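J.:
Chains as they are written, first to last, in the deposited numbering: chain X, 372 to 391, 402 to 688, 693 to 823, 828 to 850; chain P, 12 to 314, 335 to 351.
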């Protein structure tokens, strides 16, 4: 894009200005991205279906923030969609399993485990829609996408575990709850990961039934919960997940007893069963279990201490009305002269949960404090982006009930004056054209269920 | 046999148009006093917020009350007697309408309550504990004691004797509840508290008493994916204020969705109520789509200790 002729004198001036072993992430990204591209290419063939070279590569490429090096690059370049697309079929390959001896099947188990760890942070950081393809032909559906819609309780979304998908069978979970009582598994040469994962959700229901019954030895249960974290801790995560689901409809007085298993499931690490690369796997699943169980830990005031990567989560007051804490951030952002990425997630749950007709009514009356045109125009320019967060709805609710509500009475247009009337008229015409031309997953979520009779509201005279 | 009495109609008053219409509610006194309203939108807002009182012998000399409100009235109820009123609406603005000087066309209300930034999803009065039983089987009993005898429900929170206290409670649209009780003196005690840690949208709710001065409430978010939680009210005035303890009842999920045939039909809840006031073991729950409606009755009979169960349903329904 730029010629090198204007580069050289700029180099001279830059050295003049700058004249007046801590490796930065700049070059780290710079030679990370060739590695990102060639790994993204070779996972299509799975190292020509030879897992020993892949195991060596993932052993060498497992330094500090190695997964983050590819996640940031693929999200930045927009190729994270292919990153999620290809590992879905890799999980299709590795959940069923072929005939192997104990160590190639252990490598297959770690193929099931690592790629699970490579994608759960994508779900808990970059959202859920980046994983889902939303188009799969036939009944040969991936296991990971059925897991995707049913496993994790989010901060704004809770599972509804009464579904028949949550309870596939009851004869298999008897074998699941019986084989855990005996000894170590020694069975993963062909065990059908997908069939075990869904049966774990009711095997742990049987476990909590036997625990509340008290007819079993508790140290045997300790042996059980230390057995499931020995070699493959993915089944431990599956045991955590539906326990987290089953917490929710239980009352707060009825929740801490099951946590005795949960605190045993992901407490201190378990030694003497390391296949390979085990210490870092516990650390990388701790961040997954932190956010997946956050909506329980805010309710159940308990500690599990899994081991920060916790950027935007729940700094709100618990009982204060949201009016005053909603209003005061806008003035501080205006006086900053710029908007903070911290406040972007702060306003997000607000505009999620309250209801937009209330939010517009709060801000419109606060628009009527101004006499300086630049001072109100900054607020109008900020409100342009704030309304562009849901432009498709504010282009219909500003013109729908606000503008009729700005003219119905007589004295109410006394506020409509030279700074604010002109500023609001410019604000409307910025949004109107953009809606004629035609930004979050949560906006897609909240726009699904609601239906409204627009003719009943507006019969077009 | 069904009879139609009359229709009393103002001249140049009908055909409301060019306005989003609102569902309306009606109220009736212990006496023969209908309290009603209508949405008009005729160059003023108070016509929607207008109160009409009609004495039962002369439907023309109507008593008119211009109840000024910032939001339109949603639920209208009287007192158990014919002395007090309520015009429920969003963000408080609730008064207490007492009768004025034993006329037929005179009211006043100098007291009330208000809550800021929180619409109200359910509301009810307090309880008196006086009730008798009607026996049509005792037509030939030839005594008023036989045909009419008290069942003696427990009066709610009898302080300074057997007199139950006077007041009302309400559940707001968010995770918040309010209580206001009139003293034996002229003062009023009002309290407001978060109902639990979970503060959230509540599309529908209902409030019903139990024997002993406690109150069971219902919830309905409207997201069609949440459990229908139930909560209990523990009245306790600790020497300056009524500190209320809250706890979660054994709740229920919803039917006509686990059959897996069609589950996103009737996508939003439209009706959630108890069968009758002062009792909370029988729930009407109706979901209406743009075409029809489906209604379910749930019963709190003990087998969980508090489990709800289906009763009956008719052949077909329209939008109720």
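C-beta atoms are modelled at their ideal positions from N, C-alpha and C, and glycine is treated no differently.
The beta strand (DSSP E) that contains residue 630 of chain X, what's its start and end?
T.: It is not in any beta strand (DSSP E) - residue 630 of chain X instead sits in the alpha helix (DSSP H) that spans 615 to 630.
J.: Do residue 301 of chain P and residue 350 of chain P count as a contact pair if the criterion is CB distance below 9 Å?
T.: Yes, these two residues count as a Cβ contact at 9 Å.
J.: Relative to the C-alpha of residue 665 of chain X, which residue among X/423, X/534, X/379, X/448 is closest?
T.: The residue with the shortest Cα to Cα distance from residue 665 of chain X is X/448.
J.: From residue 704 of chain X to residue 698 of chain X, what does the alpha carbon distance come to, in whole angstroms?
T.: One C-alpha to the other measures close to 17 Å.
J.: Under the assumption that residue 621 of chain X contacts residue 639 of chain X (Cβ atoms under 8 Å), give the Cβ distance between them as a whole number of angstroms.
T.: That pair is no contact at about 11 Å.
J.: What residue ranges within the region 129 to 213 of chain P form continuous beta strand (DSSP E) runs of no fewer than 3 residues, ordered along the chain?
T.: Runs found: 131 to 136, 143 to 145, 159 to 161, 177 to 183, 188 to 193, 199 to 204.
J.: Who pairs with residue 438 of chain X in a beta bridge, going by DSSP?
T.: DSSP output for residue 438 of chain X lists no bridge partner at all.
J.: Write down the C-beta distance between residue 184 of chain P and residue 131 of chain P rounded to the nearest angstrom, noting that I regard them as a contact closer than 8 Å.
T.: Confirmed, Cβ separation roughly 7 Å.
J.: Strictly under 9 Å for the Cβ-Cβ distance: is residue 208 of chain P near chain X by that measure?
T.: Yes, its Cβ sits closer than 9 Å to a Cβ of chain X.
J.: When you compare the CB of residue 156 of chain P with every CB in chain X, is at least one pair closer than 9 Å?
T.: So no, residue 156 of chain P is outside the interface.
J.: Considering only C-alpha positions, which residue in the set X/506, X/434, X/688, X/528 is nearest to residue 456 of chain X?
T.: It is X/506 whose Cα lies nearest to the Cα of residue 456 of chain X.
J.: In angstroms with no decimal places, state the Cα-to-Cα distance between residue 655 of chain X and residue 635 of chain X.
T.: Going from the Cα of residue 655 of chain X to the Cα of residue 635 of chain X covers about 36 Å.
J.: Using a Cβ-Cβ cut-off of 6 Å (strictly less than) and excluding sequence neighbours within five positions of residue 120 of chain P, which residues of its own chain qualify?
T.: Correct list, in chain order: 106, 107, 108.
J.: If we ignore side chains and look at the alpha-carbon of each, how far apart do residue 239 of chain P and residue 77 of chain P end up?
T.: Their Cα atoms are separated by approximately 38 Å.
J.: State yes or no: is the C-beta of residue 730 of chain X within less than 9 Å of the C-beta of residue 835 of chain X?
T.: For residue 730 of chain X and residue 835 of chain X, no; Cβs fall outside 9 Å.
J.: Smallest Cα separation from residue 527 of chain X: which of X/576, X/487, X/480?
T.: The shortest C-alpha separation from residue 527 of chain X is found at X/576.
J.: Candidates X/387, X/519, X/511: which alpha carbon is nearest residue 530 of chain X's?
T.: Ranking X/387, X/519, X/511 by Cα distance to residue 530 of chain X puts X/511 first.
J.: Let me know if residue 262 of chain P comes out buried or exposed under the rule of 16 or more other beta-carbons within 10 Å of its beta-carbon.
T.: So residue 262 of chain P counts as buried.
J.: Would the beta-carbon of residue 765 of chain X fall within 9 Å of that of residue 811 of chain X?
T.: Yes.
J.: Determine, using beta carbons only, whether residue 831 of chain X comes closer than 9 Å to chain P.
T.: No, residue 831 of chain X does not count as interfacial toward chain P.
J.: Check for me: the alpha helix (DSSP H) holding residue 525 of chain X runs from which residue to which?
T.: That run of the alpha helix (DSSP H) goes 524 to 529.
J.: Quickly, what does DSSP pair residue 301 of chain P with across the bridge? List them, please.
T.: Bridge partners of residue 301 of chain P: none, in fact.
J.: Could you tell me the boundaries of the beta strand (DSSP E) in which residue 89 of chain P lies?
T.: Unbroken beta strand (DSSP E) run through residue 89 of chain P: 86 to 89.
J.: Would you list the one or two residues that DSSP bridges to residue 82 of chain P?
T.: Paired residues: none, contrary to the question.
J.: Does DSSP put residue 123 of chain P in a helix, in a strand, or in coil?
T.: In this structure, residue 123 of chain P counts as strand in the three-state DSSP scheme.
J.: Indicate whether at least one CB of chain P lies closer than 9 Å to the CB of residue 391 of chain X.
T.: No, no contact with chain P.
J.: Measure the Cβ-Cβ separation of residue 573 of chain X and residue 478 of chain X and say whether it is below 9 Å.
T.: Yes.
J.: Nearest to residue 734 of chain X by CA position, among X/384, X/642, X/769, X/535, is which residue?
T.: Among X/384, X/642, X/769, X/535, the Cα nearest to that of residue 734 of chain X is on X/535.
J.: Here's the rule I'm using: 16 or more other beta-carbon atoms within 10 Å means buried, otherwise exposed. How should residue 681 of chain X be labelled?
T.: Flag for residue 681 of chain X reads buried.
J.: For residue 77 of chain P, list the residues DSSP reports as bridge partners.
T.: According to DSSP, which records beta bridges pairwise, residue 77 of chain P is partnered with P/61.
J.: Taking 9 Å as the CB-CB cut-off, is residue 178 of chain P touching chain X?
T.: Taking Cβ atoms only, chain X never reaches closer than 9 Å to residue 178 of chain P, which makes this a no.
J.: Identify the contact partners of residue 359 of chain P in chain X, using a Cβ-Cβ distance below 8 Å as the criterion.
T.: Because chain P is modelled from 12 through 351, residue 359 of chain P falls outside the range shown and cannot be assessed.
J.: Please go through the same chain and pick out, in chain order, the residues whose beta-carbon is closer than 7 Å to the beta-carbon of residue 476 of chain X, but skip the five residues on each side of it.
T.: For residue 476 of chain X, where only same-chain residues beyond five positions count, the Cβ hits under 7 Å are 493, 524, 574, 575.
J.: Could you tell me which chain X residues have their CB closer than 8 Å to the CB of residue 269 of chain P, listed as they occur along the chain?
T.: Ordered by position in chain X, the residues that pass the 8 Å Cβ test against residue 269 of chain P are 543, 544, 545.
J.: Where does residue 826 of chain X sit, in a helix, a strand or coil, going by DSSP?
T.: Coordinates for residue 826 of chain X are lacking, as chain X steps from 823 to 828 with nothing built in between.
J.: Nearest to residue 35 of chain P by CA position, among P/88, P/111, P/74, is which residue?
T.: Checking every option, the nearest Cα to that of residue 35 of chain P belongs to P/88.
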